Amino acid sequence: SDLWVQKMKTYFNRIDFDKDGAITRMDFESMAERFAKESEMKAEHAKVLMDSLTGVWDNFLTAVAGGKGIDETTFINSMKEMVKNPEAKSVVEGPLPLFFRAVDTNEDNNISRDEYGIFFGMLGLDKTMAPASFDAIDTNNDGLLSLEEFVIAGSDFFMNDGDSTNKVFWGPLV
């Protein structure tokens, strides 16, 4: 599925933090460390960040190539299989809440525009691309992202075979 392959390629890109062509725990370790240095947050949030981002690999991605590096082909091949069973979606969707927890640096349980902008910036993206993605997730227009909005949009990104506004969940498509 064209657009669907394109979304996976995009996600792969954004999460391949060190850009070496393979998803590894190292990507999440480094992303966390940068995030902890450069963002404003509650002091205790630095540990949360590390646990939650590394937990993406530890509890989810580790199951893809059983322990090591995931190349772009294996990623797509793997996800392709994973989305097949409508009853096991949480294996694909599971990481959203962890991403959410890391991004909520003031731990108020909502993601604000500033927190989202910082997130895009951690992924190496131009902060000026955040609003279009934020806006797609903020369905009630209250100017915040609730856990519910975040997971619903993220779920759409991963699962929709067709075009939707959530195709830009992880920034601009490659």
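Don't overthink the numbering: it's just position in the shown sequence, from 1.
Set 105 to 113 against 36 to 44 and average the Cα temperature factors; 36 to 44 ends up higher.
For the pair 78 to 86 and 91 to 99, the mean B factor over Cα atoms is greater in 78 to 86. Per the PDB entry, 66 shows the highest C-alpha temperature factor of the residues 121, 66, 143, 55. Between the residues 164, 24, 13, 155, it is 164 that shows the highest Cα B-factor in the PDB record. Placement of the Cα temperature factor of residue 148 within the chain: middle third of the modelled residues, per the deposited record. Annotation for residue 125: C-alpha temperature factor in the highest third relative to the rest of the modelled chain, per the entry. Residue 137: CA B factor in the lowest third of modelled residues in this chain (values from the PDB entry).
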